Amino acid sequence: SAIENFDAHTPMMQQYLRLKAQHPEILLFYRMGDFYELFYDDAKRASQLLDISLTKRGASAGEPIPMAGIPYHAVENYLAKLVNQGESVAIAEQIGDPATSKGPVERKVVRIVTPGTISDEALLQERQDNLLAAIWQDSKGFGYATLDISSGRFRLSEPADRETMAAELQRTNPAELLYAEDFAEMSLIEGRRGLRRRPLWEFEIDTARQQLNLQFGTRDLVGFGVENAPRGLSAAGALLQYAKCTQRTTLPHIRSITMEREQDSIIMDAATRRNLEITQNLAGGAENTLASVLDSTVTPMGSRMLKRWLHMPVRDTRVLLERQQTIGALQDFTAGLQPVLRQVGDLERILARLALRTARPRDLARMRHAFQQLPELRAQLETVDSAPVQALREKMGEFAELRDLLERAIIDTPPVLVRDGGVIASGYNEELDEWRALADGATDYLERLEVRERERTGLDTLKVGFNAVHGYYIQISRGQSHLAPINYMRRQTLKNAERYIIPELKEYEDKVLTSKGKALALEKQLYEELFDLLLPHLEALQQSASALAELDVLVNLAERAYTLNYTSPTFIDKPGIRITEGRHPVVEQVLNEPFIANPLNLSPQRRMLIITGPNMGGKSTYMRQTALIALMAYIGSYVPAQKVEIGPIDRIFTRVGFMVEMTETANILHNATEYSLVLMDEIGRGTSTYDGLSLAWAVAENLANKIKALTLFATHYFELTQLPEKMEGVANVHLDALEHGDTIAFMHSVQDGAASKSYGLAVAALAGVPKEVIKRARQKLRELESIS
Amino acid sequence: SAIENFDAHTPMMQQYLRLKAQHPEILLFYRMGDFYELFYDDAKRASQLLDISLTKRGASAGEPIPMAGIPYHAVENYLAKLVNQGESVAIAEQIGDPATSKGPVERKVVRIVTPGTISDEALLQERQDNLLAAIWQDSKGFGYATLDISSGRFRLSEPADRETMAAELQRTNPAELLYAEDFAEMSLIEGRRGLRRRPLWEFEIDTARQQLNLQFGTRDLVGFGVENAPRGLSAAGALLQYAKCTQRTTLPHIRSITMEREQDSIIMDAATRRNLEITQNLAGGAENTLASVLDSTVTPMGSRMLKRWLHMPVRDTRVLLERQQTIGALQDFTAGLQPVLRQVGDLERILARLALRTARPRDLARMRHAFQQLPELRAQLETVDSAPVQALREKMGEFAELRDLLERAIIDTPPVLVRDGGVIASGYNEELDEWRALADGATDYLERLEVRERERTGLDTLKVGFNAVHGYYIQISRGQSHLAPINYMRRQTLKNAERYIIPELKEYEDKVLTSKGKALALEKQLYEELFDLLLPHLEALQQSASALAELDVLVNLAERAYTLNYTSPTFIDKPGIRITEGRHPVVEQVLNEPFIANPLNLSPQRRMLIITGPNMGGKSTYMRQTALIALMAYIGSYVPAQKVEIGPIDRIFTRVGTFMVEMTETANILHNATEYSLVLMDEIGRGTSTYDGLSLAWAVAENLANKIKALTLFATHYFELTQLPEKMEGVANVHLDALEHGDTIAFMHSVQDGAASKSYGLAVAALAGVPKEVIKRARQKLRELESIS
DNA sequence: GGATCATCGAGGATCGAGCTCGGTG
DNA sequence: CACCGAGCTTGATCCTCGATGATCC
Ligand SMILES: Nc1ncnc2c1ncn2[C@@H]1O[C@H](COP(=O)(O)OP(=O)(O)O)[C@@H](O)[C@H]1O
């Protein structure tokens, strides 16, 4: 090993060292001319992650530095790979003037690209939330906070237990997860993506309160109703500090925080969320999910918002009623609204780039286009007699000042980057128009010169061209090169051409580049100026984008409710579910022939249903569709049924069927209430004769008589059909099956009472089993059936 | 839409539409300068499959032509993406010089890259078989053939029924599958990859017999013992014609064909193959598979061969005994052999590229390196008292003539491609040495000219460089450019440099170019010449590579047997399995908590074992370890046990682990199982009601015991079936106990006689932390029902 | 029909600062 | 005796020649 003390290294490597010292463990994109160079294990790692060239740079103090570098103009395709990989990156830039820097130029880490704090369009997934979360454990319980950097949506929670925390982890699904060093239950977290171990002092309450009050500009957090959540504030404080470190600027879009209380939303355990296949089927794909069907939103921001609504069913009936009324009122206006809403696009993530001062020309172009739709939206909504519509129409705003600003400032279709100019429009700044006049005098001036010089010289091959390196020139063919006027000054020789410069041309070249340099520098002044003019209205713009997004969701759900023939569910104060011709919203759309609709009647006098009938009969589907109907009822959406009356639901507990089973069941029985919805799916793996059955008789008895939760208890055990005999508030239903020889047809139709027989025989007869074996099974069944 | 008729297009585009007509449905890599361009539908699909630039050609024919292209020197990495997606590609090349062609230059489809016919190293997966297969359906039965284009392994079969065909499909797992137009049961092949629909006349017997006899140079196929397989020959005939069509070349490595007979191999259905996790766990991954553990072979060729052996367990006792004896004789020699075998590498797929005349420089280098190891292998095997070892040592050969040839011909480490020459070594060819001596003697002249011109001019920045377009030049800095001698003729100006030429430099440039062009052209003559000298010994080299591959498998299994402490299984004439301290070969290695070994006694007096107890990955494992032990016993390998006696096994049925799929697998077992069959039933009847599930399991257990009399390990939760041994003979009760003590449970993976006498679903629920009232309710209600039993 | 005129690919230096060597006045 | 003036150091990016075919009045 060579001696690598601070003094022995070169001045640029010493500058790299202290910047790298403030980011020891993450890759440092070090701006070096036109290339973000990395060094040592950052270069060799970058080389392996990005598939780029690992070169080296000569050092005079032992080890030549392992070097890997990326052009500043191709940096995003390599960050895309890293951000996909759950990798944090600090972007160091050249700041100062090279002409007045004898040693290394002034450099700064201006932003850290992390998997939960990315705003750039190309890095993010169009229709997926990308949330940066913080978790924190105490002796008492858990403290949690999630921030959508690209909307400024910062939410909080204090999960009571380990099981609730695992349900919140799965619900939110953080892209980057900050956790404290004294975190005990590592089993919840270890193996999750974007895992960042941080010190304890980052989770200090006094620093958190100060930082959050400062950010919101409030005296206390009484206004937000999070003053009495010290656990959740500790997480939010660590998160905000991390967010202001990954940007090293103010986050003005973060003006508010809301608490997601246990009684505010329906708490669905990890199994339920997976079993219902909300945004993720059990295989991990996005096909045959509740999102894929319900999500026909015309904006990605609405897509996420609807997907956000699906993840968290709201229990506040007032919000739900307003959505139900709205969906009903807008159902007639969908055709006219959707094509207008479609043009708005992803305005949410554009405002994030405005707030972070990272917005690109076409972000401002789409924002301008979004404002141009507001009048047509305001016009089409004015007649809709609905208080919530008029509330979101007022919240929508106008922004006539900002609409005029962008219309004057920016051209119709600017390029991707301001770097190469041509973004600010003509008339806005008449100094800029003057600087451009010289730059765009080339079409006539240099063409006029070409004619004069061609006619004057009498060299027919004479043509005026430009070259990025050498600048402008007069080009003559090799054959006619020696005949050039003596006033022509040799500049560039080519294989079959000679390129010259004349006093009038070098005057032009000197002035056309100094004009470009001025025009370009002023454009970037006027560009950074637009942020100064737009940031003050960010509050109104966020509420506007939030209102437009919410409109897209409810216009979509209005389209879906009409197209797929859904109805409005009504609410009662006490527990119960009365469905009439209820369907599975996903399965009926994916399988291309009519799904068989079924009713439901759950009440305190009829709270448990013992569901018999054959497997692959849609027994599991019927219980799922109920939870999905309950989900969609408590997102404020219309439901796939002819009629639904539903009571308050605090939790949905689902067990689909070993160790994990009995564990999930125990969690259900402990934490379930009368208001809880329970779906038991033939849960049982008995290690003896009735070991499984005996447990399902005692679990069904407990749920019915002790907890008294609304339950759909699907079971293959035929002995459980004797529970209604001895237990009150327990009833038998079954999915009918029709035997017709060596085959069986599944009706998928729920009937009262227990199924006439079991169909293990029928399934075996369809397997094509020898007749003596079948006749033996029919004989031996009647022997054992005789025992009861 | 604008008219794209044949006449309106350019002669070049007409030449594309000519050759594209002979390949209507597959992507055509059209060589266009230094780019394999595609056009119209081919360019937009390629753009979407490869993630390349979809560009356009300015045309005289209406719609501007959708164009997508890849450089000729980068073709492979893009073919890799296509052939692993199951995409066939025709590679069209420029053959003539375009400058002396009045119309478009003469072009040719030299090879078709198809998923089952890839010869190139980069396209193939190192340690996975890539079979081109042909299937046909007849009024009589099924006809099948598989070709490993790389190994020269040509196989055929006439699967007995629909079930055997599905088992053969899954076993072979063809990369490309040829099937006839009158193929009825499409359900067998419905979702399979690389599906090619072909006409029926390609499956004509007289054409097949003629083509196969021609290829092997035989009068009849009596020699191969495939003369009385008309169905299998029809498939093989269509397959050979397709293989010749894809290469457009003779296949001299295809000299032999072997039949996969029904009585030669243990028939395992698709479920068994998946459930045992041989090369593929149920999740589809390569981890916790029999291959991943047993495959410590030092060559990919050996890796595939061992993997091929695992897929097809042989019943010929003579082959197994030779492997068992060999593995035993190699045990003490392993340490010295494996590092030598490791250097051989993938010689099998290299010989494929030799036979197809597609071999790349480093393929010839690794072949030379493989020959250099033969003497050391032959030396270390010399004393091994084993007829099969000495048989494979003789079959190995020497090739001292070919070893010397390649040592003289080719340099130590050539580049990846012949394109830029520098492959043929100095001394081999006196003409080559002359063409290079001029190329390097000009290089030293032009370096000496740099010194002369530097001293003469007095310009310190003066530097002699080279450029593909310009050739050579003299480079001076912009500051010192005007001081250049007047005889210096400016050619190229740069930002801070000027490049010149003199008649003395272009005299020397004329020598370097003519030296290059001749040296390069002659190198490719001497390169194509090496194939002419090597092809004649291909038969001996295939037998050599086959012997080396087989040695690597048996050296590996000898290493594994010694390292993992396996023993040699002995065979009896009638069915039975007597294991002493048998282990699961995978699970014991993956979990570093020491595995609990157990015996087995299956016989006609003890055919069915009713296995009770908590499963906890010890009941399913115990049944699967038996099938794996039976697998490894009939691959000729040592087995994870202290002693094993095993009888003949014709099939292995595993319904271990949708309830409809279970009853389907079970139905297939009961229909086709014999006394020689091994059956593993894992708590079937789970999904349907208490009584109906039990009723089926009773009927199935009674049928298997009394009617079929197959060797069965019948795992169940149903405790009523533990009364079967009371009634009838050849049925016995065993169980895995668990020991309750406080707030913990010890799950014993140790097999005991009799039926389990306790419930532990209560105990596991009590550890889950279930309320005691619910537990006591379950125990209360159980004792009410169990006391009546 | 024959000088004239597209068109796609191949290299290729540059982009641009920074450290190091090399004179150098 | 410091101080200018050269070297080369990652993937895009024009840029121009190469090589070729196409052209059409
Ligand atoms: N009510 C229904 N109408 C039509 N098809 C249905 C219905 N219920 C279920 N199915 C179909 O049957 C399949 C099996 O349903 P599932 O609830 O999984 O059955 P089980 O739990 O009995 O195995 C579903 O994928 C769906 O395609």
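With respect to the conditions (1) more than 31 Å from the chain's Cα centre (by Cα); (2) closer than 28 Å to B:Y472 by Cα, B:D404 falls short on a single one, namely (2).
Only residues that are farther than 22 Å from B:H73 by Cβ, aliphatic (A, V, I, L, M) and surrounded by 10 or more Cβ atoms within 10 Å (Cβ to Cβ) were counted across segment B:20-35, and they come to 1.
For segment B:757-772, does any single residue satisfy the condition of being at the interface with chain A (Cβ under 7 Å from one of its Cβ atoms), in contact with a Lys or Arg (Cβ under 8 Å, 6 or more places away or on another chain) and either crowded, with 17+ Cβ neighbours inside 10 Å or not in a helix (DSSP H, G or I) (or both)? The answer is yes, given that some residue of segment B:757-772 is at the interface with chain A (Cβ under 7 Å from one of its Cβ atoms), in contact with a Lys or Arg (Cβ under 8 Å, 6 or more places away or on another chain) and either crowded, with 17+ Cβ neighbours inside 10 Å or not in a helix (DSSP H, G or I) (or both). Please specify each residue of segment B:440-458 satisfying the condition of being among the hydrophobic types (A, V, I, L, M, F, W, C) and either in contact with a strand residue (DSSP E or B) (Cβ under 6 Å, 6 or more places away or on another chain) or more than 15 Å from B:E504 (Cβ to Cβ) (or both). Within segment B:440-458, B:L446 is the sole residue that qualifies. How many residues are closer than 21 Å to B:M489 by Cβ and facing chain B (nearest Cβ under 10 Å) when one looks only at segment A:449-472? Count: 1. Just one of the listed residues (A:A184, A:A122, A:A145) is out of contact with any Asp or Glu (no Cβ under 9 Å at 6 or more places or on another chain), within 30 Å of A:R360 (Cβ to Cβ) and either small (G, A, S) or assigned to a strand (DSSP E or B) (or both), namely A:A145. The numbered conditions (1) within 14 Å of chain A (Cβ to nearest Cβ); (2) in contact with a helix residue (DSSP H, G or I) (Cβ under 9 Å, 6 or more places away or on another chain) are all true for B:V751 except (1). Being within 11 Å of DNA strand C (Cβ to nearest atom) and either of a type in the set (V, I, T) or not in a strand (DSSP E or B) (or both) is the filter here; which residues of segment A:26-54 pass it? A:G33, A:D34 - these are the residues of segment A:26-54 that are within 11 Å of DNA strand C (Cβ to nearest atom) and either of a type in the set (V, I, T) or not in a strand (DSSP E or B) (or both). So in segment A:627-655, with the set limited to residues that are more than 14 Å from A:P313 (Cα to Cα) and among the polar types (S, T, N, Q), which one is surrounded by the most Cβ atoms within 10 Å (Cβ to Cβ)? Checked segment A:627-655; the qualifying residue surrounded by the most Cβ atoms within 10 Å (Cβ to Cβ) is A:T654.
Looking at (1) assigned to a loop (DSSP other than H, G, I, E, B); (2) in the same structural domain as B:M305 (by TED's automatic domain parsing), which is the one condition that is false for B:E348? Looking at each condition in turn, B:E348 falls short on (1). The set of residues in segment A:601-659 that are more than 24 Å from A:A754 (Cα to Cα) and within 14 Å of another protein chain (Cβ to nearest Cβ) comprises A:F658, A:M659.
Evaluated against (1) within 16 Å of the ligand (Cβ to nearest atom); (2) closer than 23 Å to A:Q605 by Cβ, A:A737 falls short on exactly one condition, (2). When B:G58, B:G33 are checked against the criterion of being in contact with a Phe, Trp or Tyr (Cβ under 9 Å, 6 or more places away or on another chain) and of a type outside the set (F, W, Y), B:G33 stands alone in meeting it. Which residue, of A:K516, A:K495, A:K511, is in the same structural domain as A:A437 (by TED's automatic domain parsing), within 15 Å of DNA strand C (Cβ to nearest atom), under 28 Å from A:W435 (Cβ atoms) and touching a helix residue (DSSP H, G or I) at 6+ places or on another chain (Cβ under 9 Å)? Unique residue meeting the criteria: A:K516.
This table checks each residue for (1) surrounded by fewer than 18 Cβ atoms within 10 Å (Cβ to Cβ); (2) of a type outside the set (A, V, I, L, M); (3) within 10 Å of DNA strand C (Cβ to nearest atom).
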site	(1), (2), (3)
B:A439	no, no, no
B:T443	yes, yes, no
B:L459	no, no, no
B:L462	no, no, no
B:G465	yes, yes, yes
B:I474	no, no, no
B:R478	yes, yes, yes
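Anything in segment B:486-519 that is surrounded by fewer than 17 Cβ atoms within 10 Å (Cβ to Cβ), of a type outside the set (S, T, Y) and within 15 Å of DNA strand D (Cβ to nearest atom)? List them, or say none. If the condition is that a residue be surrounded by fewer than 17 Cβ atoms within 10 Å (Cβ to Cβ), of a type outside the set (S, T, Y) and within 15 Å of DNA strand D (Cβ to nearest atom), then B:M489, B:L494, B:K495, B:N496, B:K506, B:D510, B:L513, B:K516, B:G517 are the ones that fit. With a requirement of 2 or more residues that are closer than 30 Å to A:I91 by Cα and in the same structural domain as A:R155 (by TED's automatic domain parsing), the helices (runs of 4 or more DSSP H) lying completely within segment A:195-276 that satisfy it span A:205-216, A:230-245. Taking segment B:65-118 and the strands (runs of 3 or more DSSP E) fully enclosed by it, the elements with 1 or more residues that are under 17 Å from the mean Cα position of the chain (by Cα) are at B:107-113. Looking at B:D753, B:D743, B:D737, just one residue is closer than 12 Å to B:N615 by Cα and not β-branched (V, I, T), and that residue is B:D737.
Matching residues to (1) within 30 Å of A:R655 (Cβ to Cβ); (2) away from the ligand (no atom under 16 Å from the Cβ); (3) not assigned by TED's automatic domain parsing to the domain that holds A:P724:
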residue	(1), (2), (3)
A:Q525	no, yes, yes
A:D532	no, yes, yes
A:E539	no, yes, yes
A:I577	yes, yes, no
A:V590	yes, no, no
A:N601	yes, yes, no
A:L609	yes, no, no
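Taking the criterion of being more than 28 Å from B:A763 (Cα to Cα), touching a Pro at 6+ places or on another chain (Cβ under 9 Å) and more than 11 Å from chain A (Cβ to nearest Cβ), would at least one residue in segment B:727-740 satisfy it? The answer is yes, given that some residue of segment B:727-740 is more than 28 Å from B:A763 (Cα to Cα), touching a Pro at 6+ places or on another chain (Cβ under 9 Å) and more than 11 Å from chain A (Cβ to nearest Cβ).
Has segment A:588-595 got at least one residue that is under 34 Å from the mean Cα position of the chain (by Cα), within 23 Å of A:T721 (Cβ to Cβ), more than 16 Å from DNA strand C (Cβ to nearest atom) and in a loop (DSSP other than H, G, I, E, B)? Looking for residues that are under 34 Å from the mean Cα position of the chain (by Cα), within 23 Å of A:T721 (Cβ to Cβ), more than 16 Å from DNA strand C (Cβ to nearest atom) and in a loop (DSSP other than H, G, I, E, B), one finds none in segment A:588-595, hence no. Restricted to segment B:645-744, the set of strands (runs of 3 or more DSSP E) holding at least 3 residues that are among the small types (G, A, S) and more than 16 Å from DNA strand C (Cβ to nearest atom) comprises B:730-740.
Basis: the model, the stated rules and, where named, an outside source; none is laboratory data. Methodologically, a virtual Cβ is constructed for each residue, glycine included, from the backbone with ideal geometry; neighbour enumeration extends over all protein chains shown.
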